[PDB]
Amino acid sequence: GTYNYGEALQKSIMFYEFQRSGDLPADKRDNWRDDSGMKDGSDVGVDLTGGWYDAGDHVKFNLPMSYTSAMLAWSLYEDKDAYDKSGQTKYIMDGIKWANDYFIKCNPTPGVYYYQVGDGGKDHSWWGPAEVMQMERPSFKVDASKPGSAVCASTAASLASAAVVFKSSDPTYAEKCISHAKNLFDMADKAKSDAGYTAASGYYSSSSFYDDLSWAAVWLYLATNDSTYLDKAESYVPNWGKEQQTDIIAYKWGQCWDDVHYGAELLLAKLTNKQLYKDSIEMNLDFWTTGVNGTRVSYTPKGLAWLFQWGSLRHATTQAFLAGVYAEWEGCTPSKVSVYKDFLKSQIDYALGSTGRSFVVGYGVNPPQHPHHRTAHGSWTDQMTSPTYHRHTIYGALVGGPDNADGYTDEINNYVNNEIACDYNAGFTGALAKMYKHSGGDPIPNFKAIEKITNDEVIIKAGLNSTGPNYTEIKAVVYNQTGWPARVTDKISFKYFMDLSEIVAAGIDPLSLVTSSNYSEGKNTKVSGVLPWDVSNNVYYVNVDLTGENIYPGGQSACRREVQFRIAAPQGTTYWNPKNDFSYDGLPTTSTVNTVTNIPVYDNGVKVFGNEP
């Protein structure tokens, strides 16, 4: 049971690059993600482009998004040596900056914070790649009158933690992050309410904000060194959730997007050395390991600390991270250090392959093949079932995980065991960095996700629609099956080649033949008259132009354009011979079209599919 923690780490970081929204950098290392959500914020007149899509959807939910970047920054703060040695420092910093540059955009003026872009209902009702989304993507904000303490504080924490890890390499950016972190924190602190945080209801409803206030205050303290914030962080503790039948700080759950008091108390213990926080975090970690006060988290037969049905791996690997960080602190109860470090490894190893298979996409043995993800799947027909395989490998994604009995099924709509999301990989990345520091495992040098194109991106299918002594009528259908990256193809055209030697010999002008279209989709489709290709050899063709048609891989009608065209010799004549026409050879009889390779398709004049005579 040996696992390459370095490779797992580099892939977990790369996962977020695949989640990026906005104007993607020229230096990206994949060939399947491209610009998307480019009009984000346009509905309110604010540039809100950037950030990460939440899960297998394209909504930008700022609570889990900010929780994610705050956790990544925490990891970099605790283990920079791991990121430097593994050569991954540059990549995680770029990811941290990607999320935070967007949060800065979301705080355009003091007192205003945009916390979501996209409508859950509108976004989830379409199954296709991010690059060609066609639906409205509304922007939502909170302010003094419509407060969002949890999301504002979670974002302040992300910005503040970003400042901590960026201060050394670029103080100006760190300074800017702190400025926005302070405003968002003040908004959250004064309001003490999530009343205005409504667009995320049912997706990321907030069940607490005092935890976020402490978490944000702790990070502002670390970024500014102003104890004002440390006092504030401690002041919220009495208001944190407690254990039902006692008056003790809650300890039977774990660090997650909705509950960050575990991370806050862990850091408060390290920063103040106060018994209360040491007792609290150890009660939580003990519950996750050896058990405490006659209570322990459930464990699957195969060794996974199982909190509950949704994202079991997410919870276990996040706790593994906290256990690892706390175990290295001098204040940790000496007798628990080994228990905590063993827990860190056991849970991470479960995710990586201890049961005989990996739960990380594109990593290890038998990794998940069908994670619930729209863009990685790459349907061009708005169907979760087509194609029957994922066209892209979204490296590093940690799936939800098995049930309490280690039961797991790899299906695209097992939206409970196979979901993937930013928050699922956040603590995981931190735990991996800690294990790499402990046990190594070499990352793949200069790793990239430049995929081989596995299906022809723009094709054409054709068949004989009608025939007569003086004519041939073809039914052709062009299909946009683009995926590298998925894209609108509005400059497509195709050519139908004929040998008109028989027309010339009959004493008829080959360029005089009547071309026509019985039917076609698209206001712009244009069928040319007969044009010369290689006159010396009597080869001519008909050009069918679809330029202007916004064909995109987002539905049956969307991805295609059918065009029926005919070429006719004079009425009443019988010398027309389609049998010596290049494009007629092997042409499917009947109108039941089949893919053909002798009716070449061009993209902006460049042949991309099929052959010429």
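One-based numbering along the sequence shown.
Participant: Taking the other PDB entries of this protein that cover both neighbours, check whether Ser466 lacks coordinates in at least a third of them.
Facilitator: No: coordinates for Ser466 present in every compared entry.
Participant: Hey, does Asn518 show up as a hole in at least a third of the other compared models?
Facilitator: That residue is missing from at least a third of the other compared entries.
Participant: Comparing average C-alpha B factors as deposited, tell me which of 368-376 and 322-330 sits higher.
Facilitator: It is 322-330 that shows the higher mean C-alpha B-factor.
Participant: Would 440-448 or 244-252 have the larger average of its C-alpha temperature factors, as given in the entry?
Facilitator: Averaging CA B-factors over each stretch, the winner is 244-252.
Participant: Checking the entry, which one of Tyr363, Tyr204, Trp306, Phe494 has the top C-alpha B factor?
Facilitator: That would be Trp306, according to the entry.
Participant: I'd like to know which of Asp226, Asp382, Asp123, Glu131 has the highest C-alpha temperature factor in the PDB entry.
Facilitator: Result of the comparison over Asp226, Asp382, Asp123, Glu131: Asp226.
Participant: Can you tell me which third, lowest, middle or highest, the CA B-factor of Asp81 falls into for its chain?
Facilitator: Within its chain, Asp81 is a highest-third residue by C-alpha B-factor, going by the deposited values.
Participant: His392: which third of its chain by C-alpha temperature factor?
Facilitator: It falls in the bottom third of the chain.
Participant: By the recorded C-alpha temperature factor, relative to the other modelled residues in its chain, which third is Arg560 in?
Facilitator: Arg560: CA B-factor falls in the highest third of its chain.
Participant: Sorting by Cα B-factor within the chain, modelled residues only, which third would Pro570 end up in: lowest, middle or highest?
Facilitator: It falls in the top third of the chain.
Participant: Sorting by Cα B-factor within the chain, modelled residues only, which third would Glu419 end up in: lowest, middle or highest?
Facilitator: Middle third.
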